[PDB]
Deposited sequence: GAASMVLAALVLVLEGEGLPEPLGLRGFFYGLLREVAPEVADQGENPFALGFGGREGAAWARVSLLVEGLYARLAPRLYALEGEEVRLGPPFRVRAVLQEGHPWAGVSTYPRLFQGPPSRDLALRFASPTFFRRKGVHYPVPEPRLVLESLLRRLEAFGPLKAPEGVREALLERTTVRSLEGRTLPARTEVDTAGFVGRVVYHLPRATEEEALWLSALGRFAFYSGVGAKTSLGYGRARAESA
């Protein structure tokens, strides 16, 4: 099976989930039932908070989804305690289930608009770096898509994606990553553009875009950083 999924836990309770509490909860489920083939996230506002669990390989999906669904009605600690009102695979902006072939549905496009919805950063030389450079963003996505999906990019396609892609526009700011030392991450919107993309290259660019919703971008996606999605260019 080539499924990947992002399930959203709709939460009732005071506050928002905390990165380490969320990951600890997830690892608690993991240690029991089962490159990280997952990512975690959270968002919303006081009184309408949610968490999300991305599962990037079928086996993990098969094992964890039923266990996540059984959380409905139950109290869980994600830092603060919350009651899980619903577990959603659809009907929430950050919920979805798809397949790896569908990541390649296209249409191909030379442009990729990404929204970075939680602080996004990269490890370089033992320091964290918060600038969403094409080579960093796209290598992060490609590495994980190649780890967990059925297909690797031809080397020339990789070279085009990482070396030739430019930035058409950027708008955003960096915010502190409070679980980390001396680390900020970018939040905002960047439009990437690959000049003279072949059809194959433009398709791969679009696929990295679609995969981002599930994988997130950059470092510490297990802590909710790097939550991202593709938008209309």
item	value
Where the deposited sequence has no C-alpha coordinates (positions from 1, in order)	1-3, 38-44
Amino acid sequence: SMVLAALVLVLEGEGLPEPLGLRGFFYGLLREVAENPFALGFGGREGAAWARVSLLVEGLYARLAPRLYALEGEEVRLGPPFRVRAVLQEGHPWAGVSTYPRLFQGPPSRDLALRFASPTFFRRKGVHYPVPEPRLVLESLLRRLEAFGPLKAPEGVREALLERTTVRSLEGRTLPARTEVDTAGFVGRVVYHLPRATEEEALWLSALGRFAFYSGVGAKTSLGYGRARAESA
From here on, numbers count along this sequence of modelled residues.
| item | value |
| --- | --- |
| Which of 197-205 and 47-55 has higher mean CA B factor, as the PDB entry lists it | 47-55 |
| Mean C-alpha temperature factor, higher of 7-15 and 20-28 | 7-15 |
| From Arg110, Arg77, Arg115, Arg135, residue of greatest CA B-factor | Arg77 |
| Candidate set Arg123, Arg144, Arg102, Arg158 [ranked by C-alpha B-factor, highest] | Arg123 |
| CA B-factor placement of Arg63, once the chain's modelled residues are sorted into thirds | highest |
| Entry-reported Cα temperature factor of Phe186, expressed as the chain third it lands in | lowest |
| Ranked against its chain, the third holding the CA B-factor of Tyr69 | highest |
| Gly91 by Cα B-factor - lowest, middle or highest third of the modelled chain | highest |
| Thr179 - Cα temperature factor, lowest/middle/highest third of chain | middle |
